[PDB]
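Read-outs throughout are calculated quantities, based only on the coordinates presented, and are distinct from any laboratory measurement. Cβ: placed from backbone, ideal geometry, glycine included. Neighbour counts: every protein chain shown.
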Amino acid sequence: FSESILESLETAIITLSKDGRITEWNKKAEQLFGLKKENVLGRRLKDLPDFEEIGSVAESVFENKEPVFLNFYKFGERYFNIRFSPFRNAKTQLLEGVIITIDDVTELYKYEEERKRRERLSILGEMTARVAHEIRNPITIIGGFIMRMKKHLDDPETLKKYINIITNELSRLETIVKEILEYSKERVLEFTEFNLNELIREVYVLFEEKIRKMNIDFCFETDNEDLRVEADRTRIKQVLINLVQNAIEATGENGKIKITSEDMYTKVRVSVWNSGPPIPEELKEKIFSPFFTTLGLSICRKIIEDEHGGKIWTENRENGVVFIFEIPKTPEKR
Amino acid sequence: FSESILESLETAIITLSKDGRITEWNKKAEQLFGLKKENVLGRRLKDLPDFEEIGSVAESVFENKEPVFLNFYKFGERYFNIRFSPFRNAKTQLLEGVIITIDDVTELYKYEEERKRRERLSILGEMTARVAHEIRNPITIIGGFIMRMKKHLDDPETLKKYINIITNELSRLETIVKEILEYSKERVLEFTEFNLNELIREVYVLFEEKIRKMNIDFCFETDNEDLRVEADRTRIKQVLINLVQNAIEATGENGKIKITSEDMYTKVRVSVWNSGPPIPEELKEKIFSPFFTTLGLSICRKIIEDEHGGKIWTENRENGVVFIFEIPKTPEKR
Amino acid sequence: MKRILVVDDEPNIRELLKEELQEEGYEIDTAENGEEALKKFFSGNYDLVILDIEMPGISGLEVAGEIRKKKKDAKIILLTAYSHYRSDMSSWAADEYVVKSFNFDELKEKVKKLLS
Amino acid sequence: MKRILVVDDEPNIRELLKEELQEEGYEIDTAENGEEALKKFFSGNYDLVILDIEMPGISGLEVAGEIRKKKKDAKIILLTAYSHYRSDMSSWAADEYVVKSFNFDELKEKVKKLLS
């Protein structure tokens, strides 16, 4: 709130008022987008090339209100982090303008790339092999049945369950393989505030029809119904998907699944406990690396663990096992 | 030929006379197999545990005469190179005994492992990805036709050519993928003397039935019919297989394939020229790395290039392209 | 009746989808490269488009961006050969993201959606 | 008539071969682990064996070596789940090497061979 001489010897900032027009184009902003304040002053922000969405983000911010932090945005050769913050003018208190803050980022993500990706090569060696093996195994069956069913000819149709589902069990393994092949090629990250439980439910909603099939005494408790978190919704989404996914058959027929979201002063704890066969002392960590069971956690490690931060570990209990993670509300604590 | 006090302050040696009994167990031999000369003297060599084949190698040497150099032999924790050399006693000149020489190897192959395999991780990253992609592509077709053919039901049988062969074209790609997945996991090597051309023919023999199908003006020349080489037959075998393989359809229908084995004082040159579409200046090397065409050379690089040594490059000519390699007769020159 | 323009690299992959969407109730006009996908959209009427990424000419990424700037209310479904969870910056300009598996029952639900 | 002992890890993979060799003209008795593959060979009459490698109990590598020391004239065909070009030291004691693809027309030629 004054001064505004200081205003411009720092990182970078842009103001979009009730259309998308700029009032102040920071001096370090210039030093990033090649043009000076004056010859861009009071212009619209979508007007610029290779640019676009930045506006479209401010747009739906104008309509949803609530601000955003982004992480991972490719502009030309540089990667980016951006910070959106809509505000109001206290004299009017109207629905005034939007503050886009930008952190000088590249001389960072490229120097925590080489302590990550250069180590991502290695596991994509041993594992590439060890799992590339798990490829042929149903391959030789699915391909093999094609050199088995094609000499009857035309079976009493009963060769459809034993064809599709065995073809299908490798198919979603191809998925849960390509999905791990993702774990090499990326690195977007999109942080938002939202009620966790509002997510928690949301997921179960989708599964429902099947959980309803396997007559499951599902059970969800929480000590708080008002629980918010800054994080990538779209993504901490998957995380749930796949604890749940596993604790689906992992307890299976007439099996039970208990979800728990417990508020703690600075951090939250979501847990998916199921019953039946636990897993021993050795596999407390040793399922974390790509490795599958008699699963495919993998990503779900680095999602909580490396993306947001925190932990995604597990334990035995109550003649069953649980899948727990913890991420502080605001990642701004790191 | 005397002295035999010196005999025993070096590397390692073992003599098997006309059964497989030892006359001299080198002092450095002891220092490798835990037992002294005397309590193993005049015993049979297959008698020892985890041992075996060493004898069986000397065996078929007793029957085929001609000696062998081996490279890559796992004995317990150590890797190995061994040297077989049957000999005769000039006074008798009979079919006397076999000399097994052993080179102190591990403090070598493990210290040219980490300048190889630690770099093998890297390509098995980018490529693992880039090619793991080439997996789903026919996967989505072969899996996709299963969710396409299974609702007719039972077609006029004409859905067999378009099912099997499209399933088949990924299947041998799975091969030519696992085959590249090999290129990580190994590292045996078995050097023998044999007439190259005696190999050269041998290969064509197998292909014949198909080359006969595509009425091919095949053409094989050589300035020498007596051409021997120390190398891994079993393996420089594949090499041929796959130049040939490519220069098969690469010139295809009413297409021509010219093989050439030209003796040079210290080294040999085998070339497979075909006609049609050459490949430009850029791909002189840029097909070497895993990369495929509109192939999969890969292994065939390191086979000639890194295993035996030498080169396996290519060039344009005569409105067509050739596939040439050169390996000295005796690898003992390195 | 609706008409869709579906674009991908391999000739074997295009022929597969054409006859999967003509099953649901559509007519498919197939395009090959991004420079010919542009010409197949300008002087006509097309209510949807399905695109890859890694292709000769230009990237399906940049391709979709050419459809957005011209036609403001264009319908862009991305479905590249390497599909996961919409994670590149350019795709937020594009509408919906489809994951390429032999499973065709995801695109059908989402082609059906973006036509009302 | 000939009787073969075929050993592998997954239950789904064993049932596939049993009914592929009973097509040619054989009878298949299936074994699971290397410690039970040994018991299924000792007090009987079996003219051939097909083995994997990466398995619980012990490695098909070492497994084949147990069949060689006992029965000098035993017939060992290796066919592990990760098959290429016979490149480990132990396999030279074993007889013939088979490459595991959905292609079953290599083993048939080589099972047929090592029975004369």
*Can you list the residues, at least 5 places off or on another chain, whose amide H is less than 5 Å from the amide H of A:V229, using H built in the peptide plane?*
A:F194, A:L196
*Hey, got the average number of other protein chain Cβ atoms within 10 angstrom for residues in C:84-96?*
5
_Dipole in debye (nearest 20) - the protein assembly as shown, about Cα centre, beta carbon charges: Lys, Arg +1; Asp, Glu -1_ = 180
*asked:* Looking at chain C as a GNM with Cα springs under 10 Å, which of C:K75, C:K39, C:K100 has the largest mean-square fluctuation?
replied: C:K39
*Volume in Å³ per residue [convex hull over Cα atoms, computed for the range A:40-87]*: 90
*asked:* What percent of all Cα-Cα pairs in chain A falls into each 20 Å bin, going from 0 up to the bin containing the maximum distance?
replied: 24, 47, 25, 4, 0
*Which far-off residues, 5 or more places away or on another chain, put their amide H under 5 Å from the one on A:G310, with H placed in the peptide plane?*
none
*Where the eigenvalues come from the Cα gyration tensor of the range D:1-64, what are the semi-axes √(5λ) of the equivalent ellipsoid, largest first, in whole Å?*
19, 14, 8
*Which order do peptides A:168-174, A:6-12 fall in by mean Cβ count within 10 Å, highest first?*
A:168-174, A:6-12
*Farthest toward positive dipole pole in the range B:208-334 [+1 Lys/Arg, -1 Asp/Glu at C-beta], among B:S271, B:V322, B:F292*: B:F292
*7 Å along Cα→Cβ, label-point gaps from A:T266 to other copies, nm, shortest first*: 7.0
*Could you give the semi-axes, largest first, of the ellipsoid that matches the protein assembly as shown, computed as the square roots of 5 times the alpha carbon gyration tensor eigenvalues and rounded to whole Å?*
58, 33, 32
*For the range A:189-334, what's the radius of gyration and Dmax over Cα atoms, in angstrom?*
14.7, 43
_For the range A:233-303, convex hull volume per residue from C-alpha positions, Å³_ = 115
*For peptide A:218-227, how many partner chain Cβ atoms fall within 10 Å of a residue's Cβ, on average?*
0
*What GluC sites (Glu not before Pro) does the range C:1-81 have in DSSP loop regions with at most 16 other beta carbons within 10 Å?*
C:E54
*Give me a single rounded figure for C:14-20: the average over its residues of other chain Cβ atoms within 10 Å of their Cβ.*
2
*Which of the trypsin sites (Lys or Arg not before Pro) found in the range A:106-159 are in a DSSP loop and have at most 16 neighbouring Cβ atoms, other than their own, within 10 Å?*
A:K110, A:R115, A:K116, A:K150, A:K151
*Please pull out the direction-averaged projected area of the range D:52-112, using the convex hull of its alpha-carbon atoms, in nm² to one decimal place.*
4.4
*Over 17 Å, how big is the tail of the calculated P(r) for chain D, in percent of all Cα pairs?*
50
*asked:* Given Cβ point charges of +1 (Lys, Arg) and -1 (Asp, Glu) and nothing else, what value in debye, to the nearest 20, does the dipole of the range D:2-116 about its Cα centre take?
replied: 660
*asked:* Could you tell me the center-to-center distance, by alpha carbons, between the range A:98-159 and the range A:282-306 in angstrom?
replied: 15
*Radius of gyration and Dmax over the Cα atoms of the range B:107-188, both given in Å*: 19.1, 65
*Where the label is 7 Å out from Cα toward Cβ, how close does B:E169 come to the same position in every other copy, in nm, shortest first?*
3.0
*asked:* Give the average over all directions of the projected area of the C-alpha convex hull of the range A:1-106, one decimal, in nm².
replied: 6.8
*Residue-by-residue Karplus 3J(HN,Hα) for the range A:202-212, coefficients 6.51, -1.76, 1.60, Hz, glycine and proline x*: 2, 4, 2, 3, 5, 5, 2, 3, 8, 4, 5
*Toward the positive end of the charge dipole of chain C, about the Cα centre and with charges on Cβ (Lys, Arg +1; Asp, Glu -1), which of C:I28, C:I13, C:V111 goes farthest?*
C:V111
*Report P(r) for the range A:188-244: all Cα-Cα distances, bin width 10 Å, range 0 to the bin holding the largest distance, values in whole percent.*
20, 49, 25, 6
*For the range B:229-242, take each phi angle, set θ = phi - 60°, evaluate the Karplus expression 6.51 cos²θ - 1.76 cosθ + 1.60, and give the result in whole Hz per residue in order, putting x for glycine and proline.*
8, 7, 4, 7, 2, 2, 10, 4, 4, 3, 2, 5, 2, 10
